[PDB]
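S.K.: First the structure, which I've put down as structure tokens, then a few questions once you've had a look.
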Number of protein chains: 2
Amino acid sequence: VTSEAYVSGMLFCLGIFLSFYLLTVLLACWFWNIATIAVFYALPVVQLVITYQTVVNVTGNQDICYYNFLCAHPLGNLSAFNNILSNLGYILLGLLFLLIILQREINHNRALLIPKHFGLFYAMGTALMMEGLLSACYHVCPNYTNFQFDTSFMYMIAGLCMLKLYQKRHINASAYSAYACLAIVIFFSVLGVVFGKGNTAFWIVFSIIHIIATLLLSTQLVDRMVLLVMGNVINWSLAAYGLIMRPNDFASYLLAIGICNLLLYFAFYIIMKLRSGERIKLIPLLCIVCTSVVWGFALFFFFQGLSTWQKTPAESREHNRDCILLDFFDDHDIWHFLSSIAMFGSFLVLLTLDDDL
Amino acid sequence: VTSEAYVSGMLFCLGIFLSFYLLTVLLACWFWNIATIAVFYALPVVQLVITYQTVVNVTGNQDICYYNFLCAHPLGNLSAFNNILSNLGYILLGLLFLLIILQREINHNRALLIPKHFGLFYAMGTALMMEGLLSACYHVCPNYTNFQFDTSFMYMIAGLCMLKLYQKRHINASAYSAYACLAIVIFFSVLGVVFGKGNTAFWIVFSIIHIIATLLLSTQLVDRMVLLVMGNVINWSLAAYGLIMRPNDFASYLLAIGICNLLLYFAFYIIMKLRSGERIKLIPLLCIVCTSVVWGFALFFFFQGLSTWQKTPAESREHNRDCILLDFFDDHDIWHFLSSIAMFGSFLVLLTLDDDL
């Protein structure tokens with residue numbers, strides 16, 4: 001491809017994210033526990049990517065990294081520059097969550113001169129920026145040994161989102177455990193997935209754990225009892241689909257479980273708000289819809305399965321598909337563009353949810 | 001070598017460590033923060049070792065793992081079974097630290113029916129057992145990408161040892177930071193060591209950091225002021241030796257720094273105890289000598305440099321040396337046998353230090 005496509009791809013990416021900065025300025029005119037934990041986690045992964053990428057460059061063997069070889073545009077020593085550039089949204093849009101919460105915080109403090117706790121919002125903010133660093137470093141050379149943290153970080157942010165929801169009636173102690181508990185889950189998944197080919201035991205044990213975990217989570221949290229029963233029933237239905245069909249790896253299923261439960265959890269809080277006399281303001285109501293519709297495609301684009309690290313590298317090249325957007329970006333890049341906006345709307349639902357009170 | 005040497009090596013290893021169990025029975029007749037932190041750290045390292053070891057077995061290329069090929073005895077699919085078996089002391093002798101502290105704890109509770117806090121001793125106990133798992137897993141296939149945690153864990157235990165010393169006048173909050181701070185130091189070392197060949201900047205920046213860190217540590221902690229000045233002077237002398245000579249990698253130096261400072265820190269507490277009217281009991285006085293003499297050889301055996309991951313694998317094979325002990329164990333194995341006992345005596349110095357009061 002020509003260098004113009006590079007310029008068009010850069011201008012398109014910057015144009016989308018700078019439009020949110022312009023919109024927030026027009027509207028205005030009208031802690032480190034999670035950061036330290038994955039700094040422990042990401043850095044050993046960072047070295048492996050650099051070491052493996054150098055091997056591919058000098059050895060000539062292209063069976064190491066699980067790229068999208070039909071559409072992967074290089075620059076310098078990098079083999080897929082578009083896949084690294086696709087995460088630019090996490091940095092710019094994730095940072096934009098800091099100014100909006102900080103602008104609220106300074107307005108709150110000036111005015112003083114629903115519980116108010118802006119600390120956890122900053123934790124989600126630096127969590128989204130750590131996408132733009134680690135998820136960029138992962139894509140330099142994707143591999144099984146280096147896979148998990150590209151999508152495991154999504155769960156950490158997803159869990160934190162859940163924590164503030166639980167903090168509706170009330171944070172620091174549970175945040176460390178949530179990052180710590182999810183770190184354990186990542187490796188417990190890796191241990192079972194070592195024998196992933198024909199892992200019938202994991203197909204059953206995970207379902208039993210899933211049923212037990214949902215009940216305990218429901219128990220810890222008439223309308224509530226009936227509502228959690230329905231959530232358990234559909235959760236068992238999704239697990240039954242995973243146990244019966246088994247069309248993708250467990251890794252695809254875990255991300256599928258988290259987003260649907262989050263959307264269910266997002267929806268459920270509205271049910272209490274809708275059943276009660278409280279009326280949802282226009283902004284959260286649009287935001288809930290706007291967040292949900294964007295999460296719709298993001299799930300659709302994730303289930304495409306461009307590359308598979310379950311099988312041999314020769315078999316994974318079967319699922320490569322050419323660039324679709326501006327002849328520079330592929331389906332996984334569209335996932336980054338849409339998972340960034342979907343998560344941005346996910347926060348803005350939380351920030352503006354209880355403003356009516 | 002014949003299978004007898006396997007039997008003699010197993011009986012020798014078990015005979016040494018079971019002698020401590022017999023001795024403790026004869027004498028008697030006469031939390032999870034650190035555990036969770038490196039479970040996050042060790043497991044990604046565990047996968048890399050298994051993945052790399054399988055590659056060596058099937059590819060035939062022996063340039064991946066930095067073994068001691070002159071003396072490395074296989075069993076099953078494992079390439080150096082003696083190096084894995086050498087860590088057996090950490091499990092048996094490290095576990096022995098749990099019974100002695102638990103036997104004291106149950107005696108303390110029965111009698112009740114110097115501050116008493118047995119929790120941190122349990123943390124050191126499970127730290128020593130985590131040597132027997134991770135340091136065993138590391139030696140299955142040693143490599144640069146997997147190097148750090150084999151000796152980085154020593155620092156964590158070393159730091160905890162320091163914490164109880166600081167707890168003389170008084171724990172949980174600092175333990176997490178100490179493990180967290182050391183996790184950062186590991187990767188900050190790895191980042192600089194990427195350009196280790198001719199890293200003149202790291203040769204100077206580390207010395208300045210070393211000088212600043214010692215002063216701040218001294219400041220946080222007439223006799224005290226003069227004593228810390230002498231400790232700083234000799235610490236600057238060791239750094240000056242590292243900056244001038246540069247005969248080994250930084251990795252060898254960092255372990256050298258920790259043990260000497262620990263022994264200095266061990267010695268210094270005696271100076272306050274000796275200057276004061278308190279008289280050291282016979283057991284700690286022998287234990288201080290017995291711990292120190294064993295740490296003497298352990299430093300000597302560590303500086304041998306059997307394998308070097310700084311250079312190419314062809315150059316590292318130059319420093320291989322045959323088995324010395326029972327035709328089964330090499331110098332690094334003797335390090336494991338002596339670093340286990342030296343650390344066991346290191347704890348027993350702490351446990352029995354303040355019994356006279």
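Going through the structure tokens in order, the chains are called A, B, and so on, while each chain numbers its residues from 1 and the ligands are numbered from 1 in the order shown.
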Write out as a PyMOL selection string all residues of region 130-347 of chain B that DSSP puts in helix (DSSP H, G or I) for this structure's backbone.

M.R.: chain B and resi 130-138+149-166+172-193+200-220+223-244+250-275+282-302+313-319+331-347

S.K.: Env of region 73-84 of chain A: 9 Å cut, atoms = only C-alpha atoms, seq-sep filter 3 positions within chain, self excluded. Answer as a PyMOL selection string.

M.R.: chain A and resi 1+6+9+53-54+57+67-69+87-88+132+135-141+328-330+332-333

S.K.: Write out the residues from the selection above, keeping N, CA, C and O atoms, as a tab-separated table (two decimals), in the first residue's frame.

M.R.:
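So the final result, stored in out.tsv, reads:
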chain	number	residue	atom	x	y	z
A	1	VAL	N	0.87	-1.21	0.00
A	1	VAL	CA	0.00	0.00	0.00
A	1	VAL	C	0.89	1.25	0.00
A	1	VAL	O	2.05	1.14	0.44
A	6	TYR	N	-1.19	5.51	4.92
A	6	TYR	CA	-0.66	5.82	6.26
A	6	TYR	C	-1.17	7.17	6.77
A	6	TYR	O	-1.60	7.28	7.92
A	9	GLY	N	-5.04	6.96	7.40
A	9	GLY	CA	-5.23	6.19	8.63
A	9	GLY	C	-4.91	6.99	9.90
A	9	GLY	O	-5.70	7.01	10.84
A	53	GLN	N	10.23	-10.60	18.62
A	53	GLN	CA	10.19	-9.79	17.40
A	53	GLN	C	11.57	-9.70	16.76
A	53	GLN	O	11.69	-9.76	15.53
A	54	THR	N	12.62	-9.54	17.58
A	54	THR	CA	13.97	-9.53	17.04
A	54	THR	C	14.30	-10.85	16.36
A	54	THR	O	14.97	-10.87	15.32
A	57	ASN	N	12.75	-10.93	12.93
A	57	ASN	CA	13.44	-10.03	12.01
A	57	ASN	C	14.74	-10.64	11.49
A	57	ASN	O	15.07	-10.49	10.31
A	67	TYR	N	0.36	-12.80	13.45
A	67	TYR	CA	-0.10	-11.55	12.88
A	67	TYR	C	-1.36	-11.79	12.06
A	67	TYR	O	-1.93	-12.88	12.04
A	68	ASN	N	-1.80	-10.75	11.35
A	68	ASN	CA	-2.83	-10.85	10.31
A	68	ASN	C	-2.10	-10.55	9.00
A	68	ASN	O	-2.10	-9.42	8.52
A	69	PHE	N	-1.49	-11.59	8.43
A	69	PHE	CA	-0.51	-11.39	7.36
A	69	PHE	C	-1.13	-10.89	6.07
A	69	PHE	O	-0.41	-10.35	5.23
A	87	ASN	N	-4.48	1.17	18.85
A	87	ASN	CA	-4.73	1.40	20.27
A	87	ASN	C	-4.59	2.86	20.67
A	87	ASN	O	-4.72	3.17	21.86
A	88	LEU	N	-4.31	3.75	19.71
A	88	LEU	CA	-4.12	5.16	20.05
A	88	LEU	C	-5.35	5.74	20.74
A	88	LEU	O	-5.23	6.67	21.54
A	132	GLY	N	-3.29	1.44	26.29
A	132	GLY	CA	-2.55	2.03	25.19
A	132	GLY	C	-1.07	1.71	25.21
A	132	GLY	O	-0.37	1.93	24.22
A	135	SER	N	-1.38	-3.14	25.55
A	135	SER	CA	-2.06	-3.71	24.40
A	135	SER	C	-1.41	-3.29	23.09
A	135	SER	O	-1.58	-3.96	22.08
A	136	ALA	N	-0.67	-2.17	23.11
A	136	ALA	CA	0.18	-1.82	21.97
A	136	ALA	C	1.42	-2.70	21.93
A	136	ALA	O	1.83	-3.15	20.85
A	137	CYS	N	2.02	-2.96	23.09
A	137	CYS	CA	3.22	-3.79	23.14
A	137	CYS	C	2.91	-5.24	22.79
A	137	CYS	O	3.75	-5.93	22.21
A	138	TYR	N	1.72	-5.73	23.15
A	138	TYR	CA	1.35	-7.10	22.83
A	138	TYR	C	1.30	-7.33	21.33
A	138	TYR	O	1.77	-8.35	20.83
A	139	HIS	N	0.72	-6.38	20.59
A	139	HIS	CA	0.48	-6.56	19.16
A	139	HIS	C	1.75	-6.48	18.32
A	139	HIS	O	1.70	-6.80	17.13
A	140	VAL	N	2.88	-6.07	18.91
A	140	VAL	CA	4.14	-6.06	18.17
A	140	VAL	C	4.48	-7.46	17.70
A	140	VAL	O	4.98	-7.65	16.58
A	141	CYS	N	4.22	-8.47	18.53
A	141	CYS	CA	4.37	-9.87	18.13
A	141	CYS	C	3.45	-10.72	18.99
A	141	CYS	O	3.81	-11.09	20.12
A	328	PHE	N	-6.39	0.20	5.57
A	328	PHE	CA	-5.32	0.19	6.55
A	328	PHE	C	-5.68	-0.60	7.80
A	328	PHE	O	-4.81	-1.19	8.44
A	329	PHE	N	-6.97	-0.63	8.15
A	329	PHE	CA	-7.41	-1.22	9.41
A	329	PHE	C	-8.26	-2.45	9.16
A	329	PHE	O	-9.11	-2.47	8.26
A	330	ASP	N	-8.03	-3.48	9.96
A	330	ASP	CA	-8.71	-4.76	9.89
A	330	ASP	C	-9.77	-4.87	10.98
A	330	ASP	O	-10.04	-3.91	11.71
A	332	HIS	N	-9.89	-6.55	13.84
A	332	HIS	CA	-9.39	-6.37	15.20
A	332	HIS	C	-9.11	-4.91	15.50
A	332	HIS	O	-9.29	-4.46	16.64
A	333	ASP	N	-8.65	-4.15	14.50
A	333	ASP	CA	-8.47	-2.72	14.68
A	333	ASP	C	-9.80	-2.02	14.93
A	333	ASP	O	-9.89	-1.11	15.76

S.K.: Find, counting only C-alpha atoms, the residue in B:193, B:18, B:226, B:13 that gets nearest to chain A.

M.R.: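 Looking only at the distances to chain A, the closest residue turns out to be B:193.
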
S.K.: Which polymer residues have any atom within 12 Å of an atom of residue 148 (chain A), counting only C-alpha atoms, with same-chain residues fewer than 2 positions away left out, as a VMD selection string?

M.R.: (chain A and resid 41 to 42 45 134 to 135 138 to 139 142 to 146 150 to 155 182 to 191 193 250 to 252 254 to 255 309) or (chain B and resid 44)

S.K.: Go ahead and save the picked residues with C-alpha atoms, as a CSV table (one decimal), in the first residue's frame.

M.R.:
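Final output, again-v2.csv:
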chain,number,residue,atom,x,y,z
A,41,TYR,CA,2.7,-8.4,35.1
A,42,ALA,CA,3.2,-6.5,31.8
A,45,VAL,CA,5.5,-9.8,28.7
A,134,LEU,CA,0.5,-2.9,27.1
A,135,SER,CA,-2.1,-3.7,24.4
A,138,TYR,CA,1.4,-7.1,22.8
A,139,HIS,CA,0.5,-6.6,19.2
A,142,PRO,CA,1.3,-11.8,19.3
A,143,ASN,CA,1.8,-15.3,20.7
A,144,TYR,CA,0.4,-17.9,23.1
A,145,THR,CA,3.1,-17.3,25.7
A,146,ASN,CA,2.1,-13.6,25.6
A,150,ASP,CA,-4.2,-8.2,25.7
A,151,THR,CA,-7.8,-9.0,26.8
A,152,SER,CA,-7.2,-9.8,30.5
A,153,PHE,CA,-6.9,-6.1,31.2
A,154,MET,CA,-10.4,-5.6,29.9
A,155,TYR,CA,-11.7,-7.8,32.7
A,182,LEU,CA,-8.3,-11.6,38.3
A,183,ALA,CA,-4.6,-12.1,38.1
A,184,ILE,CA,-5.1,-15.5,39.6
A,185,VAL,CA,-8.0,-16.2,37.2
A,186,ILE,CA,-5.7,-15.4,34.2
A,187,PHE,CA,-3.1,-18.1,35.2
A,188,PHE,CA,-5.7,-20.6,36.3
A,189,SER,CA,-7.1,-20.2,32.8
A,190,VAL,CA,-3.7,-20.7,31.3
A,191,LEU,CA,-3.1,-23.9,33.4
A,193,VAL,CA,-5.8,-24.2,28.6
A,250,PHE,CA,-12.3,-20.6,26.1
A,251,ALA,CA,-10.5,-17.2,25.8
A,252,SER,CA,-13.2,-15.9,23.4
A,254,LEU,CA,-14.5,-15.4,28.9
A,255,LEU,CA,-14.6,-12.0,27.3
A,309,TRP,CA,-3.2,-19.3,18.7
B,44,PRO,CA,4.1,-16.6,33.4

S.K.: Which residue, B:295, B:66, B:176, B:122, has the smallest gap to chain A when you use only C-alpha atoms?

M.R.: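 The answer is B:176, which sits nearest to chain A.
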
S.K.: Name the residues in contact with residue 28 (chain B) at a cut-off of 10 Å, using only C-alpha atoms, excluding same-chain residues fewer than 3 positions from it; report them as a list in words.

M.R.: residues 22, 23, 24, 25, 100 and 103 of chain B

S.K.: Go through B:51, B:214, B:174, B:207 and flag the residue nearest chain A, using only C-alpha atoms for the distances.

M.R.: B:51

S.K.: Rounded to one decimal in Å, what is the spacing between CA of residue 167 (chain A) and CA of residue 116 (chain A)?

M.R.: 10.5 Å
